[PDB]
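Heads up, the chain below is alone and in the form deposited in one PDB entry; it's given as C-alpha cells.
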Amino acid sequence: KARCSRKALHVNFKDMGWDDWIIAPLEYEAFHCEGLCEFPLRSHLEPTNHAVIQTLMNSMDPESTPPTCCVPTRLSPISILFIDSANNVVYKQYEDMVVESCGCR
C-alpha cells in the first residue's frame, strides 16, 4: 500500500564528509516515513485531532487545503564516538536519530 509506512534509509557519514569528527559508527539505519495520509486513518498511528480535521477538509475540498504529511511520531537515539571542537574524544547520545513509528501530522 502507498499508505504512510516506514522505509529503510542508510545514513553514510563518510558520504557527507563527517569522517573528520566522527569515529564510530560511520553508518547507521535511520529509516524514513513516506506515504499517503488519507481516510481511513489507522488509530494506532495516533493521529492528532488537528490531523483528522485537515484530512476531512482535504477530503471535502482538495484545492486550497492539502493533506497531512507522513512523518515520524516516535524516535530513538544513537550514541556517537567522535572528536570535539576542543580535540577531545567523546561519546554522546544524540536524540531523535532513528524512526521507530510513523504517523500523520
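Residues that one form lacks are left out of the comparison. For every residue, the number given is its place in the sequence shown, counted from 1. In this text, rigid core is short for the largest set of C-alphas that superpose within 1.5 Å between two forms.
Not pictured, yet referred to below: the form deposited in another entry.
Residue displacement note: residue 97 has its CA displaced by under 2 Å between the shown form and the other one (rigid core superposed). If you fit the rigid core between the shown form and the other one, you'll see the Cα of residue 16 move by 2 angstroms or more. Where the rigid core is used as the reference frame, consecutive stretches of 3+ residues with C-alpha displacements of 2 Å or more between the shown form and the other one occur at 16-23, 82-89.
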